[PDB]
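Just the heavy atoms: all of them, side chains too, but no hydrogens, waters or symmetry mates, feed the values below. Quick note on labels: first sequence line is chain A, next is B, and so on, each numbered from 1.
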Amino acid sequence: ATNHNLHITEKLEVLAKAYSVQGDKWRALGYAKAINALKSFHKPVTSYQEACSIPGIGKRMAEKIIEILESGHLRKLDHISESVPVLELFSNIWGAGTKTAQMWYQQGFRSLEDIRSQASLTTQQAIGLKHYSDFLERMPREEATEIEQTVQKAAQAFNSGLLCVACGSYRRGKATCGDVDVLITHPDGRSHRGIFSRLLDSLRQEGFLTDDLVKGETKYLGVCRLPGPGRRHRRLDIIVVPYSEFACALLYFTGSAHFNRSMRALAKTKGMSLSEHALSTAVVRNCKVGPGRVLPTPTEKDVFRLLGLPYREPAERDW
DNA sequence: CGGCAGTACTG
DNA sequence: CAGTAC
DNA sequence: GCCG
Ligand code: NA
């Protein structure tokens with residue numbers, strides 16, 4: 001359960017991160033998968049041929065693994081553009097991605113203070129910038145509990161039947177959480193409809209929601225802060241789903257993102273697709289001309305079973 | 001080589 | 001539509 | 001980046 005390849009994964013991560021901020025999204029993904037594969041390997045990798053037998057690791061990656069193995073270093077790291085750390089700075093701003101980080105850099109911006117004054121910001125980015133440090137800190141698991149509970153108590157005041165579950169890294173049992181995701185549904189047919197808009201206004205007037213980032217029909221991305229002195233602003237999502245979708249949503253929003261991805265790819269090998277909504281039979285084509293059949297999945301286990309896969313609890317889904 | 005998810009909001 | 005994030 |  002321990003990473004026997006740490007000195008190697010560290011160097012790789014620096015390189016992946018650089019590709020990521022530069023917007024080389026797919027090469028960065030390739031790196032991420034190789035890195036997870038290395039973290040879970042039963043022992044320190046000791047040969048180029050052993051590295052190649054690992055799924056997610058190919059010639060080029062093995063090459064870099066062995067260089068670090070035998071050198072201690074990765075020459076490539078020495079040739080990353082000086083731009084990278086500023087690109088990373090700017091793209092740590094919620095709502096700012098690689099294109100915006102890049103644009104700002106091309107304009108000569110170099111610090112958050114520059115961005116704050118001299119730069120043009122979307123409404124989302126401004127909320128991101130002003131909560132920049134708060135949003136970078138992981139919060140104690142117990143603060144995730146308070147936040148989730150604040151939502152649940154305000155939710156159940158409208159309909160005591162509503163189920164609220166905190167997902168993401170919280171559900172996966174982490175001691176600290178980067179954000180909170182509160183999934184809400186109702187066991188009955190569908191008493192989840194109608195109360196969303198009212199819950200948010202309640203939480204807002206109450207003082208809990210400080211800023212809105214995205215107001216969707218059934219998904220809310222925003223910012224909360226618990227009552228009291230010295231509280232930090234925390235990133236918060238609320239999703240409302242019909243009961244039929246509870247299992248898939250629970251799975252998706254629990255993630256992790258890497259796990260979700262691997263689950264989609266498996267589903268694909270079995271002629272299926274997996275989304276936050278459903279495990280479904282393949283779609284009708286030409287192109288793309290109709291939905292697949294939805295496969296009933298009351299529980300997460302159902303989803304794993306239908307993919308011919310043993311159930312893995314939330315704590316075992318880092319990837 | 002192409003796919004690596006599909007969508008949902010904001011502007 | 002481009003960009004961003006779930 | 002990797003994989004079929
Ligand atoms: Na960001």
In whole angstrom, give the distance that lies between atom [atom1] of [X] and atom [atom2] of [N].
| X | N | atom1 | atom2 | value |
| --- | --- | --- | --- | --- |
| A/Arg264 | B/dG6 | CZ | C1' | 8 Å |
| A/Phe259 | B/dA5 | CZ | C1' | 15 Å |
| A/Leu221 | B/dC9 | CG | P | 10 Å |
| A/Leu266 | B/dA5 | CG | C1' | 14 Å |
| A/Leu12 | D/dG1 | CG | P | 10 Å |
| A/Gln124 | B/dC9 | CD | P | 12 Å |
| A/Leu279 | B/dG6 | CG | P | 14 Å |
| A/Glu245 | B/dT7 | CD | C1' | 13 Å |

Side-chain N or O of A/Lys268 versus OP1/OP2 of B/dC4: is the shortest distance under 4.0 Å? yes
Contacts of type side chain to side chain contact (heavy atoms under 4.5 Å, CB included), residue A/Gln156, not counting sequence neighbours: A/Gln152
Mind checking side chain to side chain contact (heavy atoms under 4.5 Å, CB included) for A/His258 and listing every partner two or more places apart, or none if nothing turns up? A/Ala32, A/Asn36, A/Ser256, A/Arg261, A/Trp319
[X] versus [Y], closest heavy-atom pair with distance:
| X | Y | value |
| --- | --- | --- |
| A/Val303 | A/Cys248 | CG2-SG, 4.0 Å |
| A/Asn5 | A/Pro44 | OD1-CA, 3.2 Å |
| A/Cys224 | A/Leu209 | CB-CD2, 4.1 Å |

According to the salt bridge (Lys or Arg N to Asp or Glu O under 4.0 Å) rule, which pairs have a member within residues 97-107 of chain A, sequence neighbours left out? none
The side chain of A/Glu217 is closest to which nucleotide in this list: B/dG11, D/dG1, B/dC9? B/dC9
Kindly point out which of B/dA5, B/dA8, B/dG11 is positioned nearest to the side chain of A/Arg261? B/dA5
Name the residue from A/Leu183, A/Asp181, A/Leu203 that meets the side-chain contact (heavy atoms from CB on, under 4.5 Å) definition with A/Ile238. A/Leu203
Applying the side-chain contact (heavy atoms from CB on, under 4.5 Å) test to A/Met139, which of A/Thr176, A/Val180, A/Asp134 qualifies? A/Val180
Considering only atom P, compute the distance from C/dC6 to B/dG3 and round it to an integer number of Å. 26 Å
In whole Å, measure the gap between the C1' atoms of B/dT7 and D/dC2 for me. 25 Å
Could you check whether A/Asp179 pairs with A/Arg138 (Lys NZ or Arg NE/NH1/NH2 to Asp/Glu carboxylate O, under 4.0 Å)? no
Looking at every strand, decide which applies to [X] at a 4.0 Å heavy-atom threshold: base, sugar-phosphate, or nothing.
| X | result |
| --- | --- |
| A/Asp237 | sugar-phosphate |
| A/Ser273 | nothing |
| A/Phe253 | sugar-phosphate |
| A/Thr122 | nothing |

Name the pairing partner of C/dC1, where a pair is Watson-Crick or G-U wobble with both distances under 3.5 Å, or state none. B/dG11
Name each donor-acceptor pair under 3.5 Å that joins a side chain in residues 16-29 of chain A to protein atoms two or more places apart or in another chain, with its distance.
from, atom 1, to, atom 2, distance (Å)
A/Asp24, OD2, A/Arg27, NE, 2.7

Return the set of residues passing salt bridge (charged side-chain N to carboxylate O under 4.0 Å, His left out) with A/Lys174 (not counting sequence neighbours), or none when no residue passes. A/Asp318
Of all residues at least two apart in sequence or in a different chain, which pass the salt bridge (charged side-chain N to carboxylate O under 4.0 Å, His left out) check with A/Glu276? none
A/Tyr170 ring centre to A/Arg141 NZ or CZ under 6.0 Å, with the angle to the axis within 45°? yes
Within 45 degrees of the ring normal and closer than 6.0 Å to the centroid, is that where the cationic atom of A/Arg110 sits relative to A/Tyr105? yes
Strand contacts (DNA chain C) in residues 89-96 of chain A, 4.0 angstrom heavy-atom criterion: A/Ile93, A/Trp94, A/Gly95, A/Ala96
Could you check which residues of residues 298-319 of chain A get a heavy atom under 4.0 Å from DNA chain C? Sort them by number, please. none
Expected list for residues 13-32 of chain A near DNA chain D, using heavy atoms below 4.0 Å, is A/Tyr19, A/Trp26, A/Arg27, A/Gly30, A/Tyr31
Strictly below 4.0 Å, heavy-atom distances to any atom of DNA chain D: list the hits from residues 100-112 of chain A, or just say none. none
Does a sphere of radius 6.0 Å around CD in A/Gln49 hold more than 12 heavy atoms from other residues, nucleotides or ligands, not counting ones at 6.0 Å or beyond? no
Start with the C-alpha distance between A/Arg225 and A/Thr210, add both sets of side-chain angles, then the distance that settles side-chain hydrogen bond (donor to acceptor under 3.5 Å, both in side chains), and finish with yes or no. CA-CA 7 Å; A/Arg225 181 179 55 180; A/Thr210 61; over 6 Å; no
Nucleotide range of DNA chain C contacted by chain A, 5' to 3', under 4.0 Å to a heavy atom? C/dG3 to C/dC6
Could you give all pairs that pass the side chain to side chain donor-acceptor pair (under 3.5 Å) test and reach residues 75-95 of chain A, with sequence neighbours left out? A/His73-A/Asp78, A/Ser81-A/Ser83, A/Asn92-A/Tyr132
